[PDB]
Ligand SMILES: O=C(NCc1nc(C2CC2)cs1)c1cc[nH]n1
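Read the single chain below, which is given as structure tokens and is the form deposited without the named molecule.
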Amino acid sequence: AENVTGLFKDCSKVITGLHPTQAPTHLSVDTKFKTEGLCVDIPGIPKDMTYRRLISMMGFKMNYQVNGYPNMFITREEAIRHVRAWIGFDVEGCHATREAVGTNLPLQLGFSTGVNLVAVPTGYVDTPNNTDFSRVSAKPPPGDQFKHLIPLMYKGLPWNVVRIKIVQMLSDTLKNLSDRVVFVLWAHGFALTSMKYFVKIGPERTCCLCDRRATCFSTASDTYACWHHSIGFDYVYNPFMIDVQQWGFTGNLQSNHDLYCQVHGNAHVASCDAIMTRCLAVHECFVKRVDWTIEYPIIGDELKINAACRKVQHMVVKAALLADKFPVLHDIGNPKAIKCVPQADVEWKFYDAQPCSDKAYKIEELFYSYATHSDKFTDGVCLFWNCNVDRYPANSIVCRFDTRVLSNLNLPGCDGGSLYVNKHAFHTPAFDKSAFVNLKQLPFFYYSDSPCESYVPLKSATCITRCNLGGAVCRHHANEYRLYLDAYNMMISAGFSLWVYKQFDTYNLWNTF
């Protein structure tokens, strides 16, 4: 252990060492030649011409700082900013048993995508003339903890077919999410060893035939590609990785995931450890509270979905207030104090979760739980807009994100709840029916006090205006109804689900006229 490392550790079982030439370092020369730190050329001992030594690619240390070359590992204030590009990664290994002992070649790779890739055991065997990347003999790990790697060593694909089904899975997942990949690892010690095989870091490059960042390398034709143009490109160009065990975690993976989540399981399979490694790393960064400082790029419909939500929220709240005449209206989870319907008579008690960077409007601080506050708010109606409470009371206007809808916005997350990353990161919990045992669904309708001014005539009882009640429907409200329908359908497509109290009556809006 005198200034040595486990990297490139010769794992052969030949008793002799190496010749003075054809030896990579000074520590690999045999004892017959090594004299006072300066090897001697004995003309008697000839050099080996036929030998194969399995070099162990274990213990890579990516702590380099070079000027043009980006760093692989990232800080968890730069990995929370790239959350669309998290792909968990866990690698199961097989130990070398015949003619080589001492290194774990990779057998089973697994990602957060859900794809297990078996590979043949393949290692870097250092022949006299080159480093012959080739199949070595291996045994699967010992014990009844690893018994599903007993059949896997008799199947799999070579590493020039498991290098192109990693740039066909990453490229199909992250085609539309992001333009980099952040490999969330549990213990980087073996994930780096298993990334020597399909990763080529290099200077920051730009895609061929295109203008996006270059994230896929092709060794056959020496070019680079972004995540769209990578058809046939085999080597992943600069990834970024992150180690979750270096966030102060003491214990196993299934004894650190199973404290936050009861949905995932079946550990020590690669696709179910790479899912837990990302589940634990989404929890430890996002489930605490939404961080309002970290903006996010605009993938698609971010401007339209949010403005449509504001439009429909301005409508449903004002409609329910003008229809049922609630004396006071509460508010929960509204970070700022921004009155949705400011032109109202109700007193807007901002029962926020926590005061956020301003007390100019005296937002109150209160946390909500069902068994605690089931009988605390009895007066009026409480607008739980985008709140995450376990169960809602019997008088509310709720808008909860239905976390079972999958899109390029709604990334998978912890405890079956998901991360809806739209101009901010919201880790909304699982959409269960038990939350809505005091509520009903909301009908679709449009209600306005704007006087009518003087194309297809549309007759729908859902629209609530004195013009559609008459014989002729004005063109001053048909486009309004169509815009509102477009906003509502875009909202429902986005994944929200509106809910309302039991006594909500759409005919109560009519007597207002």
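All residue numbers are counted from 1 along the displayed sequence.
Note that the form solved in complex with the named molecule isn't included here; everything after this is about it.
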Placed ligand check: the named molecule in the deposited complex, overlay by site C-alphas, backbone/C-beta within 2.4 Å: blocked
In the deposited complex, the residue from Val269, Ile74, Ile166, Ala435 that sits within 4.5 Å of the named molecule by heavy atoms: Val269
Partner proximity in the deposited complex: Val118 to the named molecule, non-hydrogen atom cutoff 4.5 Å: yes
Contact test in the deposited complex: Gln108 vs the named molecule, heavy atoms, 4.5 Å: yes
Residues within stretch 422-450 having a non-hydrogen atom within 4.5 Å of the named molecule in the deposited complex: none
